[PDB]
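Everything on this sheet refers to the single structure shown next.
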Amino acid sequence: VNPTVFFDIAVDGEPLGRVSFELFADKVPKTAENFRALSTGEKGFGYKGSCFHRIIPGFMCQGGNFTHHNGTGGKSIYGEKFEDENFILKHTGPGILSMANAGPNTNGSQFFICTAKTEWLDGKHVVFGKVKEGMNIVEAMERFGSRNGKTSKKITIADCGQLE
Numbered sequence: 047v048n049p050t051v052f053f054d055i056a057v058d059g060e061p062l063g064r065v066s067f068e069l070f071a072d073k074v075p076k077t078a079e080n081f082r083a084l085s086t087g088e089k090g091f092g093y094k095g096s097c098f099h100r101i102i103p104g105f106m107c108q109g110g111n112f113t114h115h116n117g118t119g120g121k122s123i124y125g126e127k128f129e130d131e132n133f134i135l136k137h138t139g140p141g142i143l144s145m146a147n148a149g150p151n152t153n154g155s156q157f158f159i160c161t162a163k164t165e166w167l168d169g170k171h172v173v174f175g176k177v178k179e180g181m182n183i184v185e186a187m188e189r190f191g192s193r194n195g196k197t198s199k200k201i202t203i204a205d206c207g208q209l210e
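According to UniProt numbering, the sequence shown holds residues 47 to 210 in order.
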């Protein structure tokens, strides 16, 4: 069963709306599971209260930092970092969910939602899900981004969890 997760997004505390995602556990089970557990919070850390700290209109919305024992950029459920599981899935268009990293086999918790096809990321960032509902919310988040990526208001994951 591919799990479904949700984020409730807010702009300086003002509710914006819900984004839900399908996680492709059938194709990328270990990467799907990381995201799922970080969205429920079950390991004692995760995405609730995180923000989208880098939003580049027409490209992507990136989030997933949080404080942990060793730093502030978030971490995985498998320790600080984990391997690139596979690159089966491609950055085909708006709504694709994929892992940020700092090089090969450096996945943590940071992730991005693409708002366009971003094929130059194929084979370097692990795609593991897609927006199910709420792409209009992701479009609205874009309006608070910049060419820079710095956001003009704070875009926060006010709540998050698993649906299915």
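All C-beta atoms, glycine included, are put in the ideal place defined by N, C-alpha and C.
Just so you know, the alpha carbons of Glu210 and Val173 end up roughly 20 Å apart. CA-CA distance, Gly63 to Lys89, rounds to 25 Å. About 6 Å separates the Cβ atoms of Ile101 and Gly195, confirming a contact at the 8 Å cut-off.
Under the three-state reduction of DSSP, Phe128 is assigned to strand. Excluding residues up to 5 positions away in sequence, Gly63, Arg64, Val65 and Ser66 lie with their Cβ nearer than 7 Å to the Cβ of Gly180 in the same chain. DSSP places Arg100 in the strand class (E or B) of the three-state scheme. In the three-state reduction of the DSSP assignment, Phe91 falls in the coil class, being assigned neither a helical nor a strand state. Rounded to the nearest whole angstrom, the C-alpha separation of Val57 and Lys73 is 33 Å. Cβ-Cβ separation between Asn116 and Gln156: approximately 15 Å, too far for a contact (criterion under 8 Å). Note that the C-beta distance between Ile201 and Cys97 is below 8 Å.
Counting the other Cβ atoms within 10 Å of the Cβ of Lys199 gives fewer than 16, which makes it exposed. For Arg189, no beta strand (DSSP E) encloses it, and the DSSP letter there is neither H nor E. DSSP places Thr50 in the uninterrupted beta strand (DSSP E) bounded by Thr50 to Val57. Counting along the chain, no beta strand (DSSP E) covers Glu165, and no H or E run does either.
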